[PDB]
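Contents: one structure, followed by commentary.
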Amino acid sequence: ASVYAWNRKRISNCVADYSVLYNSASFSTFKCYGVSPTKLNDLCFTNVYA
Amino acid sequence: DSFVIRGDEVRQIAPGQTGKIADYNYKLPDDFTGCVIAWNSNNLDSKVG
């Protein structure tokens, strides 16, 4: 989606293996505020919104 | 310590970083003391094939 009309996707009732995301080098920027990516595998969230 | 990586992974060569290189290839300590130097080598390490 365009930045002015950025799309919002709701994530719920699923297992999120964030390692697959932060391990791949493809991403040039990966910056987590308030969280450490390693701990993502050991955490549960309420309202996940991509 | 000398090696070769790709540009996207240059960020991974630093204390407290994650990714393929940091986790599986080369890991700096959190209290690392010392310098990291990196420079492009496309003219030297790349081949047409």
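Chain identifiers are assigned as A, B, and so on, following the order in which chains appear in the structure tokens; residues are numbered from 1 within each chain, and ligands are numbered from 1 in order of appearance.
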Would you mind writing down, as a VMD selection string, each residue of chain A that DSSP on the backbone assigns to helix (DSSP H, G or I)? chain A and resid 3 to 5 19 to 23 37 to 42
With 9 Å as the cut-off and only C-alpha atoms counted, what is the closest atom pair between each nearby residue of chain A and chain B? Distances in Å to one decimal, ordered by chain and number, as a tab-separated table.
residue	atom	partner	partner_atom	distance
A:19	CA	B:19	CA	8.6
A:22	CA	B:19	CA	5.8
A:23	CA	B:19	CA	4.2
A:24	CA	B:20	CA	6.4
A:25	CA	B:9	CA	6.3
A:26	CA	B:8	CA	7.1
A:27	CA	B:8	CA	7.6
A:28	CA	B:8	CA	5.7
A:29	CA	B:8	CA	8.8
A:37	CA	B:18	CA	7.9
A:38	CA	B:18	CA	7.7
File of the preceding selection, N, CA and C atoms, as a compact mmCIF listing (two decimals), in the first residue's frame:
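Final file, selection-v5.txt:
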# COMPACT_ATOMS: atom_id res chain seq x y z
N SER A 19 12.27 -15.52 14.61
CA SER A 19 13.65 -15.82 14.22
C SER A 19 13.79 -15.82 12.70
N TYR A 22 14.25 -12.20 11.74
CA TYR A 22 15.45 -11.44 12.06
C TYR A 22 16.73 -12.20 11.75
N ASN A 23 16.64 -13.48 11.37
CA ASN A 23 17.84 -14.21 10.97
C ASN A 23 18.20 -13.91 9.52
N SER A 24 17.20 -13.92 8.63
CA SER A 24 17.44 -13.62 7.23
C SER A 24 18.10 -12.26 7.08
N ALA A 25 19.14 -12.20 6.25
CA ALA A 25 19.88 -10.97 6.04
C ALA A 25 19.21 -10.02 5.06
N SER A 26 18.22 -10.50 4.29
CA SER A 26 17.53 -9.67 3.31
C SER A 26 17.15 -8.29 3.86
N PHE A 27 16.56 -8.26 5.05
CA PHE A 27 16.15 -7.00 5.66
C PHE A 27 17.37 -6.13 5.93
N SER A 28 17.36 -4.91 5.38
CA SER A 28 18.44 -3.97 5.62
C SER A 28 18.27 -3.19 6.91
N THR A 29 17.03 -3.00 7.37
CA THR A 29 16.76 -2.34 8.64
C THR A 29 15.86 -3.21 9.49
N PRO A 37 14.93 -8.45 19.89
CA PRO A 37 14.44 -9.46 18.95
C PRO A 37 14.64 -10.89 19.44
N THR A 38 15.72 -11.16 20.17
CA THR A 38 15.94 -12.51 20.69
C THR A 38 14.77 -12.93 21.58
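Put simply, atom CA of residue A:41 is 29.0 Å away from atom CA of residue A:3.
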May I have all residues of chain A that DSSP, computed from the backbone, assigns to strand (DSSP E), given as a PyMOL selection string? chain A and resi 10-11+48-49
Non-local contacts of residue A:43 (12 Å; only C-alpha atoms; under 4 positions in same chain excluded) as number ranges by chain: A: 15-18, 35-39
Name the residues in contact with residue B:28 at a cut-off of 7 Å, using only C-alpha atoms, excluding same-chain residues fewer than 4 positions from it; report them as a JSON list (two decimals) with C-alpha atoms, in the first residue's frame.
[["chain", "number", "residue", "atom", "x", "y", "z"],
["B", 14, "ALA", "CA", 28.94, -5.37, 16.40],
["B", 15, "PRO", "CA", 28.24, -6.22, 20.06],
["B", 32, "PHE", "CA", 33.71, -5.98, 23.45]]
